[PDB]
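Novice: Contents of entry-v3.pdb (PDB, C-alpha atoms):
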```pdb
ATOM      1  CA  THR A 643      12.244 -20.182   4.966  1.00  0.00           C
ATOM      2  CA  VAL A 644      13.326 -17.749   2.217  1.00  0.00           C
ATOM      3  CA  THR A 645      10.111 -15.705   2.306  1.00  0.00           C
ATOM      4  CA  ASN A 646       8.186 -15.919   5.607  1.00  0.00           C
ATOM      5  CA  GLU A 647       5.166 -18.249   5.408  1.00  0.00           C
ATOM      6  CA  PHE A 648       2.789 -16.625   7.940  1.00  0.00           C
ATOM      7  CA  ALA A 649       2.752 -13.372   5.928  1.00  0.00           C
ATOM      8  CA  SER A 650       2.253 -15.192   2.601  1.00  0.00           C
ATOM      9  CA  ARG A 651      -1.063 -16.570   3.909  1.00  0.00           C
ATOM     10  CA  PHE A 652      -2.175 -12.963   4.548  1.00  0.00           C
ATOM     11  CA  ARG A 653      -1.562 -12.180   0.855  1.00  0.00           C
ATOM     12  CA  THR A 654      -4.239 -14.737  -0.087  1.00  0.00           C
ATOM     13  CA  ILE A 655      -6.725 -12.891   2.154  1.00  0.00           C
ATOM     14  CA  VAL A 656      -6.076  -9.557   0.388  1.00  0.00           C
ATOM     15  CA  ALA A 657      -5.925 -11.250  -3.049  1.00  0.00           C
ATOM     16  CA  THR A 658      -9.548 -12.470  -2.909  1.00  0.00           C
ATOM     17  CA  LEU A 659     -11.046  -9.895  -0.495  1.00  0.00           C
ATOM     18  CA  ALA A 660     -10.100  -7.093  -2.912  1.00  0.00           C
ATOM     19  CA  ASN A 661     -11.868  -8.992  -5.718  1.00  0.00           C
ATOM     20  CA  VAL A 662     -15.123  -8.693  -3.736  1.00  0.00           C
ATOM     21  CA  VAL A 663     -14.647  -4.896  -3.461  1.00  0.00           C
ATOM     22  CA  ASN A 664     -14.674  -4.498  -7.276  1.00  0.00           C
ATOM     23  CA  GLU A 665     -18.200  -5.946  -7.535  1.00  0.00           C
ATOM     24  CA  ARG A 666     -19.451  -2.890  -5.608  1.00  0.00           C
ATOM     25  CA  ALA A 667     -17.643  -0.380  -7.836  1.00  0.00           C
ATOM     26  CA  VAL A 668     -19.454  -1.852 -10.855  1.00  0.00           C
ATOM     27  CA  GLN A 669     -22.947  -1.511  -9.336  1.00  0.00           C
ATOM     28  CA  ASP A 670     -22.159   1.996  -8.063  1.00  0.00           C
ATOM     29  CA  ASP A 671     -19.700   2.209 -10.992  1.00  0.00           C
ATOM     30  CA  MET A 672     -17.365   4.778  -9.406  1.00  0.00           C
ATOM     31  CA  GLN A 673     -14.864   6.711 -11.520  1.00  0.00           C
ATOM     32  CA  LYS A 674     -11.745   4.508 -11.744  1.00  0.00           C
ATOM     33  CA  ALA A 675      -9.780   6.957  -9.560  1.00  0.00           C
ATOM     34  CA  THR A 676     -12.058   5.971  -6.640  1.00  0.00           C
ATOM     35  CA  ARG A 677     -11.859   2.190  -7.240  1.00  0.00           C
ATOM     36  CA  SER A 678      -8.081   2.504  -7.719  1.00  0.00           C
ATOM     37  CA  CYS A 679      -7.460   4.486  -4.508  1.00  0.00           C
ATOM     38  CA  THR A 680      -8.949   1.657  -2.403  1.00  0.00           C
ATOM     39  CA  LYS A 681      -7.110  -1.151  -4.234  1.00  0.00           C
ATOM     40  CA  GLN A 682      -3.922   0.871  -3.661  1.00  0.00           C
ATOM     41  CA  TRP A 683      -4.551   1.009   0.111  1.00  0.00           C
ATOM     42  CA  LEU A 684      -4.592  -2.799   0.405  1.00  0.00           C
ATOM     43  CA  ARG A 685      -1.087  -2.832  -1.120  1.00  0.00           C
ATOM     44  CA  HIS A 686       0.303  -0.637   1.674  1.00  0.00           C
ATOM     45  CA  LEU A 687      -1.676  -2.484   4.371  1.00  0.00           C
ATOM     46  CA  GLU A 688      -0.358  -5.872   3.200  1.00  0.00           C
ATOM     47  CA  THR A 689       3.287  -4.803   2.700  1.00  0.00           C
ATOM     48  CA  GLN A 690       3.361  -3.519   6.300  1.00  0.00           C
ATOM     49  CA  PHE A 691       2.415  -7.004   7.558  1.00  0.00           C
ATOM     50  CA  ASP A 692       5.575  -8.372   5.887  1.00  0.00           C
TER
ATOM     51  CA  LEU B 495      26.857  -4.278  -4.214  1.00  0.00           C
ATOM     52  CA  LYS B 496      25.789  -1.520  -1.802  1.00  0.00           C
ATOM     53  CA  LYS B 497      22.411  -2.851  -0.666  1.00  0.00           C
ATOM     54  CA  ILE B 498      19.512  -0.847  -2.090  1.00  0.00           C
ATOM     55  CA  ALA B 499      16.618  -2.303  -0.098  1.00  0.00           C
ATOM     56  CA  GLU B 500      13.079  -1.705  -1.392  1.00  0.00           C
ATOM     57  CA  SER B 501       9.809  -3.538  -2.097  1.00  0.00           C
ATOM     58  CA  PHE B 502       8.221  -3.557  -5.561  1.00  0.00           C
ATOM     59  CA  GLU B 503       4.523  -2.619  -5.435  1.00  0.00           C
ATOM     60  CA  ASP B 504       3.744   0.371  -7.660  1.00  0.00           C
ATOM     61  CA  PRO B 505       4.153  -0.045 -11.449  1.00  0.00           C
ATOM     62  CA  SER B 506       6.365   3.062 -11.157  1.00  0.00           C
ATOM     63  CA  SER B 507       8.907   1.051  -9.120  1.00  0.00           C
ATOM     64  CA  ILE B 508      10.395  -0.214 -12.410  1.00  0.00           C
ATOM     65  CA  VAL B 509      13.174   2.402 -12.014  1.00  0.00           C
ATOM     66  CA  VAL B 510      15.065   0.125  -9.582  1.00  0.00           C
ATOM     67  CA  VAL B 511      14.833  -2.723 -12.128  1.00  0.00           C
ATOM     68  CA  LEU B 512      15.818  -0.499 -15.086  1.00  0.00           C
ATOM     69  CA  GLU B 513      18.850   0.768 -13.122  1.00  0.00           C
ATOM     70  CA  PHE B 514      20.565  -2.635 -13.455  1.00  0.00           C
ATOM     71  CA  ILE B 515      19.660  -3.128 -17.136  1.00  0.00           C
ATOM     72  CA  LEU B 516      21.406   0.202 -17.788  1.00  0.00           C
ATOM     73  CA  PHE B 517      24.395  -0.593 -15.528  1.00  0.00           C
ATOM     74  CA  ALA B 518      24.935  -4.000 -17.179  1.00  0.00           C
ATOM     75  CA  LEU B 519      25.345  -2.370 -20.613  1.00  0.00           C
ATOM     76  CA  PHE B 520      28.167  -0.047 -19.487  1.00  0.00           C
ATOM     77  CA  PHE B 521      30.336  -2.129 -17.153  1.00  0.00           C
ATOM     78  CA  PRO B 522      30.096  -5.820 -18.137  1.00  0.00           C
ATOM     79  CA  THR B 523      33.372  -6.520 -16.287  1.00  0.00           C
ATOM     80  CA  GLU B 524      32.062  -5.092 -13.002  1.00  0.00           C
ATOM     81  CA  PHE B 525      28.562  -6.569 -13.438  1.00  0.00           C
ATOM     82  CA  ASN B 526      30.053 -10.046 -14.021  1.00  0.00           C
ATOM     83  CA  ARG B 527      31.448 -10.062 -10.461  1.00  0.00           C
ATOM     84  CA  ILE B 528      28.471  -8.733  -8.467  1.00  0.00           C
ATOM     85  CA  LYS B 529      25.707 -10.334 -10.575  1.00  0.00           C
ATOM     86  CA  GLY B 530      25.116 -12.478  -7.479  1.00  0.00           C
ATOM     87  CA  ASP B 531      23.326 -10.203  -5.003  1.00  0.00           C
ATOM     88  CA  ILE B 532      22.008  -7.970  -7.799  1.00  0.00           C
ATOM     89  CA  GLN B 533      20.084 -11.160  -8.635  1.00  0.00           C
ATOM     90  CA  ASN B 534      18.425 -11.837  -5.253  1.00  0.00           C
ATOM     91  CA  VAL B 535      17.164  -8.245  -4.916  1.00  0.00           C
ATOM     92  CA  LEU B 536      15.674  -8.785  -8.397  1.00  0.00           C
ATOM     93  CA  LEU B 537      14.436 -12.284  -7.479  1.00  0.00           C
ATOM     94  CA  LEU B 538      12.175 -10.497  -4.977  1.00  0.00           C
ATOM     95  CA  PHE B 539      10.738  -8.588  -7.964  1.00  0.00           C
ATOM     96  CA  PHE B 540       9.720 -11.819  -9.738  1.00  0.00           C
ATOM     97  CA  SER B 541       7.821 -13.154  -6.699  1.00  0.00           C
ATOM     98  CA  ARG B 542       5.509 -10.127  -6.580  1.00  0.00           C
ATOM     99  CA  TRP B 543       4.501  -9.526 -10.213  1.00  0.00           C
ATOM    100  CA  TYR B 544       4.731 -13.021 -11.721  1.00  0.00           C
TER
END
```
Starting from the file, give its structure as structure tokens.

Specialist:
Amino acid sequence: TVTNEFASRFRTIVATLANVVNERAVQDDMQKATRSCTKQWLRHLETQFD
Amino acid sequence: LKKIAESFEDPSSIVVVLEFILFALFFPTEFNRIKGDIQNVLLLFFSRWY
């Protein structure tokens, strides 16, 4: 396989789990810098799994 | 092409993409011979953003 499959399934987990996190930073409506710094962490966490 | 291995994540990682667009407009002769692997390191870019 060109790009490993097992890791590509993990990307779907992060893709929709991060969407749930946003719905909490609308009710507590954090300054974007706070909501961005957590969405940025899931990028590093996922790219390590690859 | 001396392998420059990296993963595109940050929107600031466009420098690696822009490096080839600038190289291709100076040495078309040299680019026309190594367009092969300069493609597959850029094909990784298209899987992530689009």

Novice: List, as a PyMOL selection string, every residue that the PyMOL selection byres ((chain B and resi 536-543) around 10) selects in the file provided.

Specialist: (chain A and resi 645) or (chain B and resi 500-503+505+507-508+510-511+514+531-535+544)

Novice: With distances taken over all atoms listed in the file, which residue among A:657, A:689, A:649, A:664 lies nearest residue 677 in chain A?

Specialist: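 The shortest atom-to-atom distance to residue 677 in chain A comes from A:664.
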
Novice: Given a cut-off of 9 Å, which residues of chain A touch chain B, counting only C-alpha atoms, written out as a ChimeraX atom specification?

Specialist: /A:682,685-686,689

Novice: Separation of CA of residue 528 in chain B and CA of residue 692 in chain A, in Å?

Specialist: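 CA of residue 692 in chain A lies 27.0 Å from CA of residue 528 in chain B.
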
Novice: Draw an axis-aligned box tight on the listed atoms of range 504-518 of chain B, then pad every side by 3 Å and write out centre and edge lengths in Å to one decimal as JSON.

Specialist:
```
{"center_x": 14.3, "center_y": -0.5, "center_z": -12.7, "size_x": 27.2, "size_y": 13.1, "size_z": 16.1}
```
